[PDB]
């Protein structure tokens, strides 16, 4: 019934004790070849303050403000907002709602914003007088979770037999396509039946089976159990831990390693409870290309074609919406 999801102390990945880093890399390897999930602990981020500031924002924002920040799927006036902005709930039909923001260095003068390159957008923010300190807190949080994610990527590189900057050299403050999503899953009475899906095995869900669109995913959630992973023994429950970050690989890592580190298939159960789900999707730059390899082969060669991260991301975000629906 419960999935094997280990707790790994990732503090050595921030320092210079190389043998201690290798012992962390082995734990990452073992979890990646088993269920595909682990919890990162002793990460240094103040997650209680993150949860308090996010709750202050979700509970004070008003309908007027949501329409003013809405993405194109909800507001035809905002044609440049495909990824960044507010994703509304549909009272009586869709329960979840969220706020997505991208790299704070994507300003109006950034070269990729000037060129209108797909997947790059300038962030939108609420009024400062109505939400004092929110934008400054949220931009500082992007850089705090970016620093954690860079330490984790050093661990994945060592686990696969590569030098510690193998993935991190493609993950940079000036051009990362990474995103933060602040998701609110509400308590509702009565709960809308159209917002509850049912799986082939009978489980009630909020989001169906999928693989993630990311290199890795770095997730904080409230203490309410909800995720399941598909293993050889069927779907198993992932326990909650509101002091750590839940980590897993996305389908760009599976392509690069020839499915040695699989992107685990997972889904979200329906739970009638007020809770938070705050993912950071670790994406590389638009032109980043890592040549595919195969760790199970002596010469490390694979028969897969190289794919740029920008091409992967644009087609992956669309495929996920077509399969499981607009969020």
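Whichever C-alpha set is largest while still superposing within 1.5 Å between the two forms counts as the rigid core. Numbering follows the first chain given and starts at 1.
- Choosing between 298-306 and 65-73, the greater Cα displacement from the shown form in 9 other deposited structures of this protein, fitted by the core, goes with 298-306.
- Higher mean CA B-factor, judged across 189-197 and 250-258 from the recorded values: 189-197.
- Between 230-238 and 169-177, the higher mean Cα B-factor belongs to 230-238.
- Residue-level inspection of the entry shows that, of 85, 155, 147, 92, 92 has the top Cα B-factor.
- Based on the entry's C-alpha B-factors, the most elevated value among 221, 79, 98, 123 belongs to 79.
- Among all modelled residues in this chain, the alpha-carbon of residue 105 has a temperature factor (C-alpha) in the lowest third.
- In the PDB entry, residue 270 places in the lowest third of its chain by CA B-factor.
- In this PDB entry, the Cα temperature factor of residue 301 sits in the top third of its chain's modelled residues, the highest group.
- For residue 130, the recorded CA B-factor ranks within the highest third of the chain. Only modelled residues enter the ranking.
- Split the chain's modelled residues into thirds by C-alpha temperature factor. Residue 72 is in the middle one.
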